[PDB]
Each structure stands twice: as C-alpha cells, then as structure tokens.
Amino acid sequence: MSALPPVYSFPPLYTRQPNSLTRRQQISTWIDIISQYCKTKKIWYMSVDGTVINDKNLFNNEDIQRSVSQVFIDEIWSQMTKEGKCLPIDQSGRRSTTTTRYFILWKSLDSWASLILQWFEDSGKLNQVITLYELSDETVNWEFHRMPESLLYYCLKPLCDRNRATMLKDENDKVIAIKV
C-alpha cells in the first residue's frame, strides 16, 4: 500500500543530471519509482514514452508541471533493462526490433515462474492442462492474476527449462495452455 513516493513530486528529479555519478543514482531512483508504481497498481505494460497501459503517464507529472525528456527516459529504460528490472517487447514478444513497450518486472521472471508453479501445486492441478487465459479466471488470485498472456508466457518459460512443464500451442503455433 504505497504507489508513488513523495520524491515523485520533487522537480530536480525530472531534470536529467549532468554527471556519470549523479545521473547513475537519479536513474536508479526512477527505476525504483517505476517498479513500485507498477507493482502497487498491479500494472504490467509501460510505453517507452511513459504511458501506462491498462489490462495516465508516469514520466509526465501534471501536479508538478514537469516531464522527463525522452532522451533521459531512454537512458532510464536501458539502465533498467541492463538490470533486468524490465523487459523490452514490441507489438508482442521480447524485442529491443522496434521495442514499443515494457513489461515491468517488479518480480523476476524466474520469480513469477515460481509463484505460478506454486499455485499449480498449492491447487493440486500439478498435472492438468490449464490455459493462460484461465491463468489470469476465478481460480487465480495470486499476484499474477490478470497478467497478460503474452507476458504470462515469459513467466512460464522458466518452467519449461527446469523441465517442470510442457506448453501446448494451437493451430497457429500460439501457446494457449500448459501442463506442469
């Protein structure tokens, strides 16, 4: 129960800082604000310009009348990407081939992998075949509930490695369900 910080309204933050050292910190702060934000609002996608997609822009502070330059924002993303805090995706899968938006990873993919895997066991379904769609129905209500399927797919992949699961695709080789 938190979302946006008090520093989120501190102007000097929106101004990029000339200084390898400083900028390095300032960016972390932003990285951090992002995760915390998406996390509490249970959001998953962020457009490169900061727009939030809903299963509303975080770099444009209306109240403070300030906005982070795209130039900086980009620095923010890469940095966040280098750190594994976000995932570059295009009109669908992992791409940073015209990456259009980001999958904010406040929880590692492997981490999500576990929590989902967990669910499966903590619900005995550890042998059945459930779809990704139902993965986000009434039965689910762990942090990952409502997570897009495309992104859900990336959280399950870890289960395919670690040989704990097998995915099932439809006629158009699209993952639709999975058995763990």
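For every residue, the number given is its place in the sequence shown, counted from 1.
In this entry, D55 and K56 are separated by 10 or more residues of the deposited sequence that lack coordinates. The entry models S96 and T97 with a gap of 1 to 3 deposited residues left without coordinates. For the pair 142 to 150 and 36 to 44, the record assigns the higher mean C-alpha temperature factor to 142 to 150. Judged by mean Cα B factor in the deposited record, 87 to 95 ranks above the other of 106 to 114 and 87 to 95.
For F120, the recorded CA B-factor ranks within the highest third of the chain. Only modelled residues enter the ranking. Remark: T29 belongs to the lowest third of its chain, ranked by C-alpha B-factor as recorded. Among all modelled residues in its chain, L13 ranks in the lowest third by Cα B-factor.
In the PDB entry, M1 places in the highest third of its chain by CA B-factor.
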